[PDB]
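Chemist: Dumping the structure here so I can ask a few things about it.
Here, each number is a calculation from the coordinates, and none is a lab measurement. Please note: Cβ atoms are built from the backbone with ideal geometry, for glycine as well, and neighbour counts cover all protein chains shown.
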């Protein structure tokens, strides 16, 4: 059986660390060619040194809040590997916790929407510039459980994660007529006072007995990137173990 | 007979000079409320100001909802006129030009829509909260649209912002529930605010509910409901006024020819 | 200002007690003529004696699990008051708590779907028989928060409440072409009396107010009136934000 | 790289034909052992002769509307292959089209809920009897787009598909504490005079153009939720509708 992504070209924004690093590593294992677009042009190569000088991985410096940067990333990728088949919008931030809305600064608010929403739309816009004439492609954005439910995070974070789902569904509507799939992946809180946050998210988890790892989220992306999701679009794939579809506040099934 | 449904309540309406906001203001006033309009362009702001008359239970404050200090002055003005703030209506909203190809969507156009639709709504929540939290009572209502739940019903920036408003509504409802404050949003179907007849026929043909046309007063009635004590335990709700448009899909012609 | 439901005829299934009793009382305050369809004539009229022997309220005995019973209710209401404008499907049960699915009896399962789903569909079907030629009407079903989220109740209950939402949306699709509105109302939970009262309030999103039966009734009155003349396919939550939020991570609640 | 389901035991209700046949064939390609539970034991083995002879596939006659039948299916599978790791509830019917609710017979209504809802719950109940002491497993039900949107099918069908989603979420809540994943897969209409014309019709109203929804596409979704790549996926309605339910092209914003 061939590798699930053999020959496909992928661009991953924020791939230098965190979930993006997992996605990049998993994509390579399944035969993909991957370009990382991330800030701090030193660190993206610094990660690239760790994984080696493979001729199927490349780094482009890109601030996803600048349209011309993301443009240069896509133009760079198609010049290395000849096309662009997968676009992963992983750049995302949360903002500081704010327990009282009366202390929520609009500057903090503005920054989160600039990165979480504007950055994702720019990625869709320039991936579309390649994928539409090819009549094929797969666009994947990393949302979180805050895309479907309130109270799971700060206001600007929750609003932006909802906005990403709305963009996903609307752009899925426009790009469906060209064969382009748009989807988003919404994870539960992932660890990495360490075992204290690790215990907390596990105690409030619906699914007990396994910990949500970064590789779990990556596996969801790999699915939506491959031809096994060939007819999947406009979908918010939850990797929350059932956290959002349930509520154990009345203690019907949990003590 | 029975008392008026909003008697003695103070309301602030952003964008009340025209359109749906004008209906909300007029309906609120019919049910006994005191209303302050916050709207831009004092030329249009005075335009309605004279239009309604000179009553001592209506007032106008000039406010660009994209400026936090403007909305701050609106709230501070209202509580100085009528003594408190019980209802906050975020009706300022824009759609943007139609754009059929994402490859031609300008980020400046994108930025403007989110500034007004999302940032303006959050600022309204933030400063209404500054009054309503110490009173331990209030009702915040935002005017979304059917684009808050379904894709393809409008441009990208519009659909994203309407989704963002629903997300803010639910999240702020989570924070303000502790204090007895209700946060909800109202999502209308397209309203026809010779080409008028042509758009009017188009939205009616694609409507789920036939034999009636969505008027501005219909949307206002939904707000009046969520503003009153008949919605005393309603919060976090996206009250659709779409006649079933979003909950159904007649593309397979099971029930429509 | 006139009463919000003046001259309107309403049928309420399960209106002898609980939420249905409040819906009936509220409907009458707003000028409606109301027919109650409920079991146990010995009690169905006995409560109808406490309200009084008015000429704008009537009782018909009806097992909502029997199609011919619901049929006679609608035929009775129309013969009393001349038409049928509002149909309220309030008959609903939950079943015993079952903490382990391996002990869930299928007979218990069958009974809940018979009353909660089959009873609601029969109500829609025979209300439709009147409302379609009139080209007007409003059908309202009483769901609960279990219509949108799992874990808030037993399996058969949660499944049936989801089924009611699905029927509501699908029948809204068919009856929209005739001007008929279909909606559903999903309430939050309303010495064990007092200790249940504190428990639902502690886990409530909206604090400082308790969900009363009159609150749910007000939602129905809204969807029954012309103030909702363009509302259809809607699941109106009266849960104070309970289903749209989750305080398990203690972001906003301690 | 090993096969994605190597050593896992799966029970598939309705596996003789349609989507279930593809799920069985795909599961087998990825190393799984499969038991088919389907009515009409005549045809039920006829497929088991169609696919071929194998010591990793088996057939049990089972009416999913009878609890004791499904019970015997699970007890049969565990005795053949030693455990039960995957349970697929594919048995499902739709009922005749009914354009006017005033002509909808309650007998027709009763039959659809008996098979679509009661059959699915029985499958969950008896899969749970095995999977809870093992502290592992994956339960997958085949819903359709009618689980999320009205108007896409008859009333009894749409109600039952909604009920299945509700059961999925609620049972996911109870079985999460044991490590058991419950999910459902909701496909768009699959084609396989009125063949090429129903096929041309669902494609015109599809959001995603240039690709036809095949049965193998739906099977791939199940394989995903059956494997350890969905190890933390539960309570999920995985749409395979190409974006059909998340969009609405009635206003012709993006489609002419």
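Chemist: Could you rank the peptides C:229-238, A:41-50 by their average count of other C-beta atoms within 10 Å per residue, with the highest value first?
Modeler: In descending order of packing, they fall as C:229-238, A:41-50.
Chemist: Once you average over the residues of D:177-185, how many Cβ atoms of partner chains fall within 10 Å of each Cβ?
Modeler: Whole-number average of other-chain Cβ neighbours for D:177-185 is 3.
Chemist: I've got another one for you. Per residue of chain B, what 222 nm ellipticity follows from adding -39500 (n - 2.57) for every DSSP H run with n ≥ 4, rounded to the nearest 500?
Modeler: After summing the helix terms and dividing by residue count, I get -13000 deg cm²/dmol.
Chemist: Over all residues in A:201-212, what is the mean tally of Cβ atoms on other chains that come within 10 Å of each residue's Cβ?
Modeler: Whole-number average of other-chain Cβ neighbours for A:201-212 is 5.
Chemist: Just to confirm my numbers, what's the Cα centroid distance between the range D:179-213 and the range D:38-83 in Å?
Modeler: Each part reduced to its Cα centre gives a spacing of 28 Å.
Chemist: Given the protein assembly as shown, what percent of its DSSP beta bridges are antiparallel, to the nearest 5?
Modeler: 0
Chemist: Kindly identify the protein assembly as shown as rounded, prolate or oblate by the Cα gyration tensor criterion: order the square roots of the eigenvalues as a ≥ b ≥ c, call it rounded if a/c is under 1.5, otherwise compare a/b with b/c, prolate if a/b is larger, else oblate.
Modeler: It comes out oblate by the Cα gyration axes.
Chemist: What shape does the range B:1-157 have by the C-alpha gyration tensor, where a ≥ b ≥ c are the square roots of the eigenvalues, rounded means a/c under 1.5, and otherwise prolate means a/b greater than b/c and oblate the rest?
Modeler: Because a/c hits 1.5 or more and a/b exceeds b/c, the range B:1-157 counts as prolate.
Chemist: Average partner chain C-beta neighbours within 10 Å, per residue of C:104-115?
Modeler: Taking the mean over all residues of the peptide, I get 3.
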